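Below you'll find the structure, written out as structure tokens, and then a few comments.
Any read-out appearing in this document is the output of simple, stated calculations on the displayed coordinates, not a laboratory observation. Counting neighbours? That spans all protein chains shown, and the Cβs are built from the backbone with ideal geometry, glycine included.
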Amino acid sequence: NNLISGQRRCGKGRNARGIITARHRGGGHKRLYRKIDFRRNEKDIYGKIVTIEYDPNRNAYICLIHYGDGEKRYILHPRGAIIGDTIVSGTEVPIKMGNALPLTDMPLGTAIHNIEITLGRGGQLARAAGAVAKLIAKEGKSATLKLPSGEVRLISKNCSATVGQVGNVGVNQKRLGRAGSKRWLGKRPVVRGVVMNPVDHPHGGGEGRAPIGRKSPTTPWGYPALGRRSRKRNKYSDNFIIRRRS
Amino acid sequence: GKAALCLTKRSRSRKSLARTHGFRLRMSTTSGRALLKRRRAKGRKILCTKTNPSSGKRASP
Amino acid sequence: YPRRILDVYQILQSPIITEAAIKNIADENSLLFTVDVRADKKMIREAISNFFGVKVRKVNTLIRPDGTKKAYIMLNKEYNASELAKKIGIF
Amino acid sequence: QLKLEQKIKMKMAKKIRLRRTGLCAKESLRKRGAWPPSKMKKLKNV
RNA sequence: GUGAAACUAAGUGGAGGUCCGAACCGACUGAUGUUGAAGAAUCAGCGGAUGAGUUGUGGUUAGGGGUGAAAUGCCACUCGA
RNA sequence: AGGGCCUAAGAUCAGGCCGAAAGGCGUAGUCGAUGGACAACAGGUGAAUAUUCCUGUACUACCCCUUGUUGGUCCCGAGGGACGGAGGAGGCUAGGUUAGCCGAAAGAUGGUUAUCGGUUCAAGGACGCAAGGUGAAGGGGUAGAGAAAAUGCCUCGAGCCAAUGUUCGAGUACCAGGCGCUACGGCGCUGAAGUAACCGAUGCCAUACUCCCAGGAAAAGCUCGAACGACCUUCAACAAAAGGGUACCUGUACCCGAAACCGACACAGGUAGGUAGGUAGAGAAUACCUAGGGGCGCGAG
RNA sequence: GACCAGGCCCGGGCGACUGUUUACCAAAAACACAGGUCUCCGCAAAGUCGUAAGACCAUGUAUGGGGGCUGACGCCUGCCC
């Protein structure tokens, strides 16, 4: 195993300056990092699954592949798959669960994942547990995809995608059950707004118990949370997006 | 009580104190270099207290 | 390239003359001296051997708290430190 | 028929790893003091 | 005991922000102390005490700032700057 | 013990980017133990040091010489170092107790020897593992860009892994007690017995076993290895053997549950770790004690 | 038999619960909490910090990530734009 490397960034709520920009982090448990090939760019080399194991750094499980020529890679476990199953990346290849193939040659309407937005990079979309995309159409240079959010988006057709839904569908059936469970998961407590003083947070102060008194529900930094968009405006990708979410 | 109180000092290694306030620290920073200017100007005998030798007698290994 | 720090021909300041040293001459067959603070064991053994033409089983050195290095210079079972030190005015 | 090619290597390997584990049993018993057996025969106090 | 599940008696097992209780960490009540033995203690009892646990070493965050399980509390007996 | 080795958090950062200046970001590297890697124990001595000096017995790293092979060395591609919590059972020892063995014995009082002491030995070398655990540990060739990892072949007095234990170390000491010193301190001579039984750890086996999920550092030393790219090369590089010969810097005093650190005080306070005796007790609580240490720097009524 | 070594019961308010908090007058009914709901964000993500470069988010990608409010669990949560 040369894929399981202890090379954390450490602290990991703190920026370059050294201030807590991303809030409610720390405590946690020490964890390692499994590199995962989201590219799956070992082309025309026939592969075999061997073990399904726990990634501490994810929702979904990881799958250890042994290739025919004799090298090993970690990937995302698809839903139906088991130990000793078979896969391959390339152009031709069948549409059997867990195989990798560019979006052009794929069927119309198949549950898929690990999709690139830009050719070359790797695999950004549908990576969580139960992640699932459904190719709706195709148009010239583009393929029209429906995402896990419930949004239809034009992406480039030459881009890669791995067939099958992503496994471990039941991780919504946790109850955690106690403060301590979320504490050792990495997260930390979240102090409400209305509780604090006026100097700290917009809702702050107020004698007795405070109603959220200032006409709007506010962030810590003045910008109305609870209804108000924030998708820049005239962003580069704007053209490509077709729909909303749910 | 069992936690003592309002003793600002403790007994702490001269390593750490020299890496916080020592000569090599003051000498790096431009702002801090002009503190040594003021110290030689006033003519204080000991410039920056809290300096240690890497060598013996006052070594903090 | 020999010396950690180059120092001198000189090095050796003087022998220590006291009641402990006299007894250590008889017991251990060993001389006692004050040297350079920047003096090395290797440097001392090359000096004293090459000076008197005598062998040195081992040297062992310390820095008394003022900052002056004092060295015990031990001699082989062959060479006799009592008679050697007699002809350098310690007896 | 070359049936001690294990016991050529295995013996010396055992003698290596027993030395190594002996020395590591020393190293870890220095760190947390409690080594030089003069001290250990001296002390038994409460 | 059932088509098999379900269910139930005894064994095995050692979970638990489990229990009682030293070290350890705290600070609920009183008494004492009030030009004190101490610029927050002593004494008698008190809560937790395998965890959101305690702590050594070496580090990080800086005042129109930081940090805050949030009192405007803490940031060298200094804090609505 | 640290440094001459290694890296984490963090730090600084060549070239590079960004900024009125000061500078900010950031890679290659370089620092940075609280961690990895590495070689010594007993007895002895002395106003003040002792794993440092002395005596004995050890071990690590280099330079000789006997055999050798033709290249070494670095870069470099691998193996490995290498890691969690909790729980439980087993085997051991350290330590304790009791007996035996040996020496001593009036302790003024009814009885009484039923009394008092001693009974000790480390590192290391050589050598074997049981109703302790398990039933591939450890190899050898081969294909395919392939020397390692990986797809198929065979083979294993079917066994391994260890802490303890047997010996030397140690016919030496160490030693309870006796026989002489001469004034305020130890010191010369002598020297018996030196075993067994039971209890037994939070210590070791164990970086072992089971279970659990919150999924448990890095880098060098080490071992392979085939390349390519450089250097150093025939008064030479790597392997083994006894005997030799050789051995850098700094710390070492003293206090350190404190009258010496931190609290202005010779202050009822705070302060990381190690060793853990007996009787009673579940117990590191408690009570009374041993070894060891003290009677609290105003007293008298 | 000494030291050592639970007082117990019945009824109500608030908070579910272990937890945290005003060092030096407040330990609670205050904060947090598992759970719930709303709203933002398709990755060159929203948000945050910076004059900038760029850093966190995340070596994560909608069963994920940011923010508002409520506070286990049970039954619920009406009228007004």
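Numerical summary
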item	result
Per-residue Cβ neighbour rank within 10 angstrom, fewest leading, B:23, C:91	C:91, B:23
Zone residues, the range A:168-199, relative to residue A:219, backbone N less than 12 Å from point 7 Å out along Cα-to-Cβ	none
Over 27 Å (Cα to Cα) - which of D:11/D:39; A:12/A:174; A:138/A:235; A:30/A:235; A:30/D:14; D:14/D:41 fall in this group	D:11/D:39; A:30/A:235; A:30/D:14; D:14/D:41
Computed over the protein assembly as shown, the ratio Rg/Rh where both radii use C-alpha atoms and Rh is Kirkwood	1.17
Alpha-carbon centroid distance for the pair the range C:1-20 / the range C:58-89, whole angstrom	11
Rounded to the nearest 20 debye, dipole of the protein assembly as shown from Cβ charges on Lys, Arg, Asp, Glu	2200
Cα Rg over Rh - chain A, Kirkwood	1.04
FRET efficiency, residue B:29 to residue A:35 (Cβ-Cβ, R0 41 Å, nearest 0.05)	0.55
Order of C:57, A:23 under a 10 Å beta carbon neighbour criterion, fewest first	A:23, C:57
Interchain or long-range residues, amide H under 5 Å from residue A:138's placed H	A:144
Three-way shape call for the range C:11-91 based on the alpha-carbon gyration tensor, with the a/c threshold at 1.5	oblate
